[PDB]
Amino acid sequence: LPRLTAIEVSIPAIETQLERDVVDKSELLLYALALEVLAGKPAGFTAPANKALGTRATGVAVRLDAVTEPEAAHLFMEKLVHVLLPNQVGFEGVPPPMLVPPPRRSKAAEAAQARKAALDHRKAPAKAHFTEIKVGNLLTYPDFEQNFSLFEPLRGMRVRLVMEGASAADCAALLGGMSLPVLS
Amino acid sequence: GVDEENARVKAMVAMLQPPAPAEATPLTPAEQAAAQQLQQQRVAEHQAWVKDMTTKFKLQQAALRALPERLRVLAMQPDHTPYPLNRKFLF
Amino acid sequence: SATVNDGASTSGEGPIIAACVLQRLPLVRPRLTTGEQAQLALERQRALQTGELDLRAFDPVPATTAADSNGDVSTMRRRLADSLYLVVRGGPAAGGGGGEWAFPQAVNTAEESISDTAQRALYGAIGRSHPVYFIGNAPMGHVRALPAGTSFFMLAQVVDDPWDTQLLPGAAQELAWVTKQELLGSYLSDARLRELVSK
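These residue numbers run from 1 along each chain by written sequence and may not equal the entry numbers. Residues without coordinates are not shown. For naming, the first written chain is A and the first written ligand is 1, with later ones following in the order written. Any value quoted here refers to the chains shown, not to the larger assembly they are part of. To obtain the side-chain values, all non-hydrogen atoms of the structure were included, while hydrogens and water were left out.

- For this coordinate set, the PDB header names cryo-EM as the determination method and states a resolution of 3.0 Å.

Okay, here's the thing in structure tokens:
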């Protein structure tokens, strides 16, 4: 069956850093515990090479498919298709260029992020996707839902996908045959 | 004293992972030969599956040659309809 | 699905069949042996440990029905642990019961191509009732019975379909629902194609 080879999980928190040294390391520390629960693989404090906005690391990144025995990537996809889909604002089907749907088609401007309104780079070796999960979706994650006293603040996390399948839409379609509302 | 945030970060840093909850397991060769079986299961399953895929690839390679060019054109259309999402997986 | 304006219609004098097979996905997970899997998962969790150093209205759904699968092969209610494939018993001689067997078959148009013909064949065998999806635009097997009548085996799958016997246009008689382990239950009719479906 057509399957993937690489995947990453990241929480790009610009709420943690807007200054030179005032970094929210404790806030991203509970975010690290949240990513350890959500990912299924030990978390990593994302130490920035451009660490000019904080004394310590910003954000949490976990790679779930670089290692062999790809159980972690499949469990991540199973968890997100199981409970992470329904709270999304504008969730009536997914347009293939941006794999997470907004409640609009026009006015999808790109202010402080990259201008990737399409699927990815036109050559497409790097399948960079703006799969942005809402803060409410992390609030409604069932382990977080029954343990809200441990995960009190939640921050928006973005997912980037790497597929061995030739086309992003068709490779996403097999995991949409996992009952993911990506059809549109 | 400590605030709720201080007790929270103490029980949170201490239990980021649960702090050393395991007995350190050693192993001596007075067992049954099991790791050979553990590699045999995955090697046999993955090799049988990839032999099935390569034989299917051989059949789909040799299928489209006893037939004219329009039948190739239907056979060599490299696009797929989006999947209907009504296909519930193993429950 | 693209069609060329001109082509050599060699399949007009030869009855090459655009025949498609409905491979149903098994709905629930088959039960693996709990004792050996439990012992293995206990070993891996021990290695993981030592490496790091509505309530009254919910019932777990049973995965078994009382009726068995062998012999009676009428509808979709037999095996959720194995794949089942739609096999059409070959039709009668004059309007009674069936003798030799066949597949859900439809001979291709001499101009129009095989896979869209098979999608139309399993699209008009439901009588415009429910949408049935398709898997591949290229055939899987080849037929050695007739070199002119070589059936091209395209594949399709089940979304949701209550079938009726009086709508399949490939001379339908009965409905057979079997697995790859038992695709040779009609050995009295099938001669050597049942060996080629074993791949």
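1. Examining the overall build of chain C
- Here a strand is any run of E in DSSP of at least two residues, a helix any run of H or I of at least four, and the numbering for each starts at the N terminus. Along the backbone of chain C there are four helices and four strands.
- What the globule rule says is 2.2 Å times the number of residues to the power 0.38, and the radius of gyration is computed from C-alpha atoms. In terms of overall dimensions, chain C is more spread out than a globule: its C-alpha atoms have a radius of gyration of 22 Å, far above the 16 Å expected for 199 residues.
- Only protein chains enter the calculation, and the probe is 1.4 Å; a residue is then buried if its accessible area is under 20% of its type maximum, exposed if over 50%, and partly exposed in between. By the burial criterion, 35% of the 199 residues in chain C qualify as buried.
- Only the protein chains shown count as cover for residues, and all accessible areas are computed by the Shrake-Rupley method using a 1.4 Å probe. Accessible surface, chain C as shown: approximately 12,400 Å² in total, 53% of it carbon and sulfur.
- For the purpose of counting charges, residues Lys and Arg are taken to be positive, whereas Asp and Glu are taken to be negative. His and the chain ends are not included. Positions of charges follow a simple convention, taking NZ of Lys, CZ of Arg, CG of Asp or CD of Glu. Charge separation in chain C, taken as the distance between the mean sites of 17 positive and 21 negative side-chain charges, equals 5 Å.

2. Quick notes on the arrangement of the chains
- The contact criterion used is simple: two residues touch if any of their non-hydrogen atoms lie within 4.5 Å. Taking contact number as the criterion, the leading pair out of two pairs of chains in contact is chains B and C.
- One thing to see here is that chain A and chain C don't touch, and their nearest C-alpha atoms sit 10 Å from each other.

3. Some details on the interface of chain B and chain C
- The interface is formed by 32 residues belonging to chain B together with 34 residues belonging to chain C.
- In short, buried area is how much 1.4 Å probe accessible area vanishes from two parts on joining, totalled over both. Interface area, chain B with chain C, both sides summed: about 3,000 Å², of which 62% is carbon and sulfur.
- Salt bridge, as applied in this entry: a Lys or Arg side-chain nitrogen positioned within 4 Å of an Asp or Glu carboxyl oxygen. Taken together, the connections running from chain B to chain C amount to zero salt bridges.
- When contributions to the side of chain B that touches chain C are tallied by element, the ones reaching two or more residues are α2 (35-63) and α3 (69-75) of chain B.
- Per element, the largest residue contribution to the side of chain B that touches chain C is six residues, and it comes from α2(B).

4. Focus on the nonpolar core
- Residues belong to a common nonpolar core when they are buried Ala, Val, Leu, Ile, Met, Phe, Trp, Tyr or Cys residues joined through side-chain atoms within 4.5 Å. Core analysis: the biggest nonpolar cluster contains 45 residues, and A:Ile7, A:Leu38, A:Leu64, A:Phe76, A:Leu138, A:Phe151 and A:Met157 have the highest contact counts within it.
- Secondary structure elements with two or more residues in this core: β1 (6-10), α1 (25-39), α2 (71-84), β4 (157-162) and α5 (168-176) of chain A.
- When sequence neighbours within four positions are dropped, the list of residues in contact with A:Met157 reads A:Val9, A:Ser10, A:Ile11, A:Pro12, A:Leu38, A:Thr131, A:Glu132, A:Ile133 and A:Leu138.
- Ranked by size, the runner-up nonpolar core spans 28 residues in total, among them B:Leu64, C:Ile16, C:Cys20 and C:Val132.

5. Structural notes on the sheet that holds strand β2 (residues 61-63) of chain A
Residue and element names in this part refer to chain A.
- Taken in spatial order, the four strands of this open sheet run β2-β1-β4-β3, and their pairing is antiparallel. In this open sheet, the two edge strands, each paired with only one partner strand, are β2 and β3 (131-133). Across the sheet, the mean angle from the axis of one strand to that of its neighbour is 20 degrees, orientation sign disregarded.
- A pair of strands counts as paired when DSSP detects no fewer than two bridges linking them. Both β3 and β4 contribute to a ladder of three bridges, which runs antiparallel. When the sheet's bridge partners are listed, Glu132 is paired in β4 with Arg158.
- Interaxial angles span 0 to 180 degrees and are taken between N-to-C directions of axes, which are lines fitted to C-alpha atoms, for helices over the stretch in contact. Relative to β1, α2 is tilted by about 55 degrees, and along the sheet it contacts β1, β3 and β4.

6. Some thoughts on empty space enclosed by the protein
Residue and element names in this part refer to chain A.
- Within this scheme a cavity is a closed region of a 1 Å grid, computed over the protein atoms alone, that accommodates a 1.4 Å probe without allowing it to escape, whereas a pocket is open but has protein on both sides within 12 Å along at least five of seven lines; lining residues each have an atom within 4 Å of a point. Grid points are joined across faces, edges and corners, and a volume is the space filled by probe spheres set on the points. One number sums up the size of the largest cavity: a volume of about 410 Å³.
- Around the largest cavity sit 26 residues that line it, and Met77, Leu80, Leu99, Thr131 and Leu180 are the ones nearest its centre.
- Breaking the lining of the largest cavity down by element, the ones donating at least two residues are α2, β3, β4 and α5.
- When residues of the lining of the largest cavity are assigned to their parent elements, the largest contribution, four residues, is made by α2.

7. Topic: the packing of aromatic side chains
- By convention, a stacked pair of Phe, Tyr or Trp rings (six-membered ring in the case of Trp) has centres within 6.5 Å and planes under 30 degrees apart, an edge-to-face pair has planes over 60 apart, and any other such pair is tilted. Applying the stated rule across the entire model yields five aromatic pairs over all chains.
- Each ring, one from A:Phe144 and one from A:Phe151, has its centre 4.4 Å from the other, and the planes form 45 degrees; the classification is tilted. Of the two residues examined, A:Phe144 and A:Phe151, each falls in the buried class.
- Ring geometry for B:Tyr83 and C:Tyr133: centres 5.6 Å apart, planes at 80 degrees, overall edge-to-face. With B:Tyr83 in the segment after α3 and C:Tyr133 in the loop between α3 (114-124) and β3 (152-157), this residue pair bridges two chains.
- Take C:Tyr133: its relative accessible area is 12%, and that puts it in the buried class.
- Taken together, the ring pairs connect A:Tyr141, A:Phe144 and A:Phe151 into an aromatic cluster.
- Each ring is checked for a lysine NZ or an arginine CZ that lies within 6 Å of its centre and within 35 degrees of its normal; such an atom marks a charge sitting over the ring. Directly above the ring of B:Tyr83 sits B:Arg87, whose terminal nitrogen or CZ lies 4.5 Å from the centroid.

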